[PDB]
Visitor: 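Let me begin by handing over the structure; questions about it come next.
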Amino acid sequence: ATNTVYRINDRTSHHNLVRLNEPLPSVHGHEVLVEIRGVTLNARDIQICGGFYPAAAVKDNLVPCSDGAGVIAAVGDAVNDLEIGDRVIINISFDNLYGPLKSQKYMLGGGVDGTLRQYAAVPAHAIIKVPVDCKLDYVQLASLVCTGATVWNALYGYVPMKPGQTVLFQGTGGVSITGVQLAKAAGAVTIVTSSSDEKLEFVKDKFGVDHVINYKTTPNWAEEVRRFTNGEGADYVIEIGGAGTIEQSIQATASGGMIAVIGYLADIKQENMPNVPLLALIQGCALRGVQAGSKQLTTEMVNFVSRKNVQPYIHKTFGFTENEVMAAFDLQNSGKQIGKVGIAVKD
Amino acid sequence: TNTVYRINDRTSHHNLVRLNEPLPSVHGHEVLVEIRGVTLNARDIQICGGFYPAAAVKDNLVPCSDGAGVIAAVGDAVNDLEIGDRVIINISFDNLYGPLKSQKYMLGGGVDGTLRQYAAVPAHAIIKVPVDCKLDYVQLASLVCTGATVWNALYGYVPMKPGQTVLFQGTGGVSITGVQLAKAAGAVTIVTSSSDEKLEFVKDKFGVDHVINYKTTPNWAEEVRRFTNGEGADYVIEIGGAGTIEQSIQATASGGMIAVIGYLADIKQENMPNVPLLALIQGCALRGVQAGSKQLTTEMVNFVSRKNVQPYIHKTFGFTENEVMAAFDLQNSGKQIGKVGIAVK
Ligand SMILES: NC(=O)c1ccc[n+]([C@@H]2O[C@H](COP(=O)([O-])OP(=O)(O)OC[C@H]3O[C@@H](n4cnc5c(N)ncnc54)[C@H](OP(=O)(O)O)[C@@H]3O)[C@@H](O)[C@H]2O)c1
Ligand SMILES: NC(=O)c1ccc[n+]([C@@H]2O[C@H](COP(=O)([O-])OP(=O)(O)OC[C@H]3O[C@@H](n4cnc5c(N)ncnc54)[C@H](OP(=O)(O)O)[C@@H]3O)[C@@H](O)[C@H]2O)c1
């Protein structure tokens with residue numbers, strides 16, 4: 001019995017992942033062995049494998065990817081409430097069960113080995129049980145670990161969204177696509193921005209978002225957000241531009257609204273760095289640095305997704321052979337994808 | 001019959017003129033307040049000196065946000081107020097609940113303020129002083145701006161839990177009002193200052209837990225983490241703005257709140273810090289705080305009264321022309337600890 005894993009040691013490109021056959025891991029008494037069946041990628045995996053993840057330290061001989069779902073294949077001798085065959089997701093963190101994330105030491109695919117392998121030994125306390133009536137496949141289930149957890153934290157982990165409020169999503173990446181599908185099933189009005197009109201059309205057609213705005217051709221986007229919200233502005237902004245876009249974002253937000261700061265993909269120079277304390281003081285709105293999401297939160301969002309039959313959107317699902325895995329990573333890097341890229345470890 | 005102060009040339013508070021006016025008559029929804037006590041705020045210097053951001057200020061302005069006194073007359077449609085009731089006036093006439101939506105009805109800027117013997121105000125803007133409150137009118141008045149702002153910071157969004165740590169910057173109105181409220185709600189308090197004598201005074205008078213001189217120790221975020229066993233402050237009552245925000249962020253615990261309230265520090269464009277990046281790293285929040293609603297200020301008032309909090313007034317001046325000018329010169333000096341009072345009487 002073999003565990004086929006991918007590991008990287010030279011973090012200058014995902015093309016330094018090496019397919020290895022290892023012995024089946026034994027579990028410690030408090031662990032469970034997960035047969036991984038579905039995985040999805042994140043920008044984080046590209047940043048880590050390519051050596052531009054400044055948030056935290058990354059281990060040597062790393063198995064990448066935070067996102068995995070599958071079934072229990074073995075159970076340690078102290079473990080109570082998990083059986084072989086049980087269908088599961090792994091929490092993005094081993095240790096962040098509730099409250100704020102205190103480090104990245106135990107984050108899958110970074111501080112500890114991630115999900116791009118057939119088998120993983122993990123602490124049972126990291127396990128999220130997939131409700132029994134859930135009809136999603138394993139890749140869809142995996143999709144919830146990083147983007148689902150993050151979005152639910154931004155919308156429900158500090159001051160919670162109310163039905164009827166407006167959420168603005170920057171770009172058409174995994175955070176936004178996962179976000180629009182959850183927010184729309186929670187009764188939000190949704191707005192999405194993009195550098196591409198083709199993408200905006202696609203997002204509008206598949207997900208039924210209420211308004212689209214091209215931020216490349218229409219950099220005065222705050223003003224449009226205001227037109228579509230009766231002059232009030234958006235109640236939540238899922239902010240992935242960082243300083244480069246924070247001025248527009250602030251002016252697009254209602255007073256009393258929330259800007260969930262999540263990424264910083266946008267360019268900025270010191271000369272144009274906006275005065276954020278002053279802008280936020282004038283708008284009367286909040287900013288919050290969002291850091292994934294705890295197990296408690298993520299479980300609620302999982303329960304919602306199952307109970308209401310939200311069907312996470314998967315752009316393309318690849319197999320587990322080397323050429324397939326690189327084609328999936330390549331697609332994640334290109335920026336041409338809408339939402340999630342998936343990998344079927346089994347089928 | 002009504003002595004008021006008005007300013008129309010907003011280049012200095014020395015342009016306020018004492019006028020004797022007829023006693024205002026009241027519209028049907030209004031009440032006439034005999035103003036007994038007033039307090040000053042930096043906002044009044046900013047407005048009288050012409051350096052007040054956003055807003056737009058009326059001509060012929062009675063300045064000041066803060067007032068308390070007694071109902072002298074009642075309009076014909078008013079139900080739950082009678083002559084002799086002790087009252088505070090809400091900072092805005094319109095902001096009863098929810099977030100502030102403009103400053104058109106803000107006392108001492110959009111509408112006439114409290115530096116006058118009598119004031120006609122809509123009834124819906126009145127906050128009844130509890131019957132048992134044993135505070136003077138000047139103390140009562142000090143709850144209007146700084147008190148409403150601090151309550152909003154700590155209880156208006158995600159509420160303070162007992163035992164959490166609050167950081168206050170400097171020893172002005174917001175900080176001292178804040179210290180007194182946070183202490184009486186069971187917070188650990190830390191106070192920062194440019195002077196050790198102000199710090200000794202503050203620690204002794206108010207029982208502040210930890211003090212830090214931001215001139216002696218300009219890496220004050222470090223001192224805050226040292227005093228919270230590496231955790232950080234749960235709330236920062238932030239009054240410096242961009243100038244200090246990097247430090248404040250580095251002082252804040254993961255999941256903590258930075259109440260952005262003021263803009264007093266100098267900043268140069270080349271020092272402007274990347275706030276979203278720093279916030280994302282710390283995993284903390286920033287929030288622009290715009291005074292506070294009547295609903296919330298009411299709660300703060302009930303708290304002050306039920307728990308016998310005694311707002312500190314550094315000095316109270318009389319209502320003569322020379323005394324008013326002196327009160328404004330003290331507020332503008334920076335030598336005050338907390339609040340400057342005017343006994344309209
Ligand atoms: N804080 C956390 O816990 C957390 C969790 C997950 C992700 N993140 C971070 O958040 C960001 C998004 O992650 P993801 O997986 O969604 O990434 P992704 O799928 O790579 O998203 C990339 C998309 O972002 C959009 N974009 C790029 N520059 C933009 C700009 N200036 N303004 C608006 N949109 C822009 C583009 O959309 P268009 O092509 O449509 O323009 C692009 O295709 C990354 O920086 C990631 O590191 C953070
Ligand atoms: N958003 C709102 O609704 C709202 C409400 C009230 C006030 N404010 C604003 O909040 C600020 C505070 O007003 P206030 O009435 O409390 O002020 P104040 O009584 O005039 O406070 C002045 C004091 O602040 C301290 N200070 C000045 N620069 C500082 C710096 N760089 N770092 C730390 N402390 C500094 C000084 O104390 P030390 O000498 O001890 O350091 C000084 O004596 C003002 O900017 C005002 O416009 C806003």
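In what follows, every heavy atom counts, from backbone to side chain, and hydrogens, waters and symmetry copies are set aside. Naming convention: chains lettered A, B, ... in sequence-line order (proteins, then strands); numbering from 1 in each chain. Every number for a ligand or one of its atoms is a count from 1 in the order of the listing.
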Visitor: Do the ring centers of B:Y312 and B:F201 come within less than 6.0 Å of each other?
Guide: yes
Visitor: Counting only non-hydrogen atoms of the protein, does one fall under 4.0 Å from atom 42 (C) of ligand 2?
Guide: no
Visitor: Short question: side chain of B:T252, backbone of B:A233 - any donor-acceptor pair under 3.5 Å?
Guide: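 No.
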Visitor: Mark up the atoms of ligand 1 that fall under 4.0 Å of a heavy atom belonging to A:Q337, in ascending order.
Guide: 19 (O)
Visitor: Using atom types as modelled and distance alone, determine if a side-chain donor or acceptor of A:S196 lies under 3.5 Å from a backbone N or O of A:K199.
Guide: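 Side chain of A:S196 to backbone of A:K199, a donor-acceptor pair under 3.5 Å: yes, one is there.
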Visitor: Against heavy atoms of A:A292, which atoms of ligand 1 measure under 4.0 Å?
Guide: 2 (C), 3 (O)
Visitor: Does any N or O in the side chain of B:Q290 come within less than 3.5 Å of the main-chain N or O of A:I282, such that one atom is a donor and the other an acceptor?
Guide: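 Indeed, once roles are kept as given, a pair shorter than 3.5 Å links the two residues.
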Visitor: Quick one: does A:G241 get within less than 4.0 Å of ligand 1, heavy atoms only?
Guide: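 It does not, in that no heavy atom of A:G241 comes within the 4.0 Å cut-off of ligand 1.
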Visitor: Among all protein heavy atoms, pick the one closest to atom 31 (N) of ligand 1 and tell me residue, atom and distance.
Guide: A:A266 CB, 3.6 Å
Visitor: Do A:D95 and A:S93 pair up side chain to side chain, a donor and an acceptor below 3.5 Å, judged on atom types alone?
Guide: yes
Visitor: Under 3.5 Å between any N/O of B:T171 and any N/O of ligand 2: does that happen in this structure?
Guide: yes
Visitor: Please indicate whether any nitrogen or oxygen in A:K199 is less than 3.5 Å from any nitrogen or oxygen in ligand 1.
Guide: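 N/O-N/O distance under 3.5 Å: yes.
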Visitor: Ligand 1 versus A:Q291, non-hydrogen atoms closer than 4.0 Å: side chain, backbone, both, neither?
Guide: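 Answer for A:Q291: backbone.
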Visitor: Taking the minimum heavy-atom distance to atom 12 (C) of ligand 2, which of B:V289, B:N152, B:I47, B:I239 ranks first?
Guide: B:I239
Visitor: Closer than 4.0 Å to some heavy atom of A:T150 - which atoms of ligand 1 meet that?
Guide: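 Listed by number with element: 3 (O), 5 (C).
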Visitor: Considering non-hydrogen atoms of the protein only, which is the closest contact for atom 45 (O) of ligand 1, and what is the distance?
Guide: A:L265 CD2, 3.2 Å
Visitor: side-chain contact (heavy atoms from CB on, under 4.5 Å) with A:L168: which of A:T190, A:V192, A:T193?
Guide: A:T193
Visitor: So, regarding B:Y263 and ligand 2 (criterion: nitrogen or oxygen to nitrogen or oxygen, under 3.5 Å), is there a contact or not?
Guide: yes
Visitor: Just by modelled atom types, is the A:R288 backbone N or O under 3.5 Å from a matching donor or acceptor in the A:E239 side chain?
Guide: no
Visitor: Where's the contact between A:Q47 and ligand 1, heavy-atom distance under 4.0 Å: side chain, backbone, both or neither?
Guide: side chain
Visitor: Determine whether B:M106 and B:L100 make a side-chain contact, defined as any pair of heavy atoms from C-beta on separated by less than 4.5 Å.
Guide: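 Side chain of B:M106 against side chain of B:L100, heavy atoms only: contact under 4.5 Å found.
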Visitor: Under 3.5 Å, is there a donor on one side chain and an acceptor on the other for A:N42 and A:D67?
Guide: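 Their side chains do contain a donor-acceptor pair, which is all the 3.5 Å distance test asks for.
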Visitor: Side chain, backbone, both or neither: which part of A:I46 comes within less than 4.0 Å of ligand 1 when only heavy atoms are counted?
Guide: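 It is neither part, as no heavy atom is under 4.0 Å.
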Visitor: Who's the nearest protein heavy-atom neighbour of atom 25 (C) of ligand 2, and how far?
Guide: B:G170 CA, 4.0 Å
Visitor: Considering only protein heavy atoms, which is closest to atom 19 (O) of ligand 1, and at what distance to one decimal place?
Guide: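 Ranked first by proximity to atom 19 (O) of ligand 1 is A:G174 N, 3.1 Å.
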Visitor: Record the part of A:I262 in heavy-atom contact with ligand 1 below 4.0 Å; permitted values are side chain, backbone, both and neither.
Guide: both
Visitor: Which atoms of ligand 1 sit under 4.0 Å from any heavy atom of A:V175?
Guide: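 Near A:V175, meaning under 4.0 Å from one of its heavy atoms, ligand 1 has 6 (C), 7 (C), 13 (O), 16 (O).
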Visitor: Give the numbers and elements of all ligand 1 atoms closer than 4.0 Å to a heavy atom of A:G335.
Guide: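 Once the distances to A:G335 are compared, the set is 43 (O).
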Visitor: Please answer whether the main-chain N or O of B:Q139 pairs with a side-chain N or O of B:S142 as donor and acceptor at a distance below 3.5 Å.
Guide: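 Judged by distance alone, yes, a pair lies under 3.5 Å.
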Visitor: Can you find an N/O atom of A:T193 closer than 3.5 Å to an N/O atom of ligand 1?
Guide: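 Looking only at distances, the answer is no, because the N/O contact criterion of under 3.5 Å is not met.
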Visitor: Quick one: look up the protein heavy atom nearest atom 29 (C) of ligand 1 and list residue, atom name and how far away it is.
Guide: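 Its nearest protein heavy-atom neighbour is A:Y215 OH, 3.2 Å.
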Visitor: Heavy-atom distances under 4.0 Å decide this one: backbone, side chain, both or neither, for A:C146 against ligand 1?
Guide: side chain
Visitor: Considering only residues two or more places apart or on different chains, which pairs with a residue in residues 99-111 of chain A satisfy side-chain hydrogen bond (donor to acceptor under 3.5 Å, both in side chains)?
Guide: A:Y53-A:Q104
Visitor: Side chains of A:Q170 and A:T245: donor-acceptor distance under 3.5 Å anywhere?
Guide: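 Yes.
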Visitor: Would you please test B:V166 and B:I237 for side-chain contact (heavy atoms from CB on, under 4.5 Å) and show each step?
Guide: CA-CA 7 Å; B:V166 196; B:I237 301 307; 3.9 Å; yes
Visitor: Would you find a donor on one side and an acceptor on the other, under 3.5 Å apart, between the side chain of B:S333 and the backbone of B:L330?
Guide: yes
Visitor: Check ligand 1 against A:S194 and write out every atom of the ligand that is under 4.0 Å from a heavy-atom position of the residue.
Guide: 38 (P), 40 (O), 41 (O)
Visitor: Quick one: which ligand 1 atoms are inside 4.0 Å of a heavy atom on A:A43?
Guide: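 Ligand 1 atoms under the 4.0 Å threshold to A:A43: 15 (O), 17 (O), 20 (O).
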Visitor: Tell me whether ligand 2 is touched by A:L281 - counting only heavy atoms on the residue side and a distance under 4.0 Å.
Guide: yes
Visitor: Does A:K336 come within less than 4.0 angstrom of ligand 1, counting non-hydrogen atoms of the residue?
Guide: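 In this structure, A:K336 fails to qualify as a contact of ligand 1 - no heavy atom is under 4.0 Å.
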Visitor: Which residue supplies the protein heavy atom nearest to atom 21 (O) of ligand 1, what is that atom called, and how far is it?
Guide: A:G173 CA, 3.4 Å
Visitor: For A:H14 and A:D330, does a side-chain donor sit closer than 3.5 Å to a side-chain acceptor?
Guide: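 A donor-acceptor contact under 3.5 Å links the two side chains.
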Visitor: Any protein heavy atom at under 4.0 Å, with atom 6 (C) of ligand 1 as the reference point?
Guide: yes
Visitor: Walk me through whether A:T178 and A:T147 qualify under side-chain hydrogen bond (donor to acceptor under 3.5 Å, both in side chains).
Guide: CA-CA 6 Å; A:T178 296; A:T147 61; 2.7 Å; yes
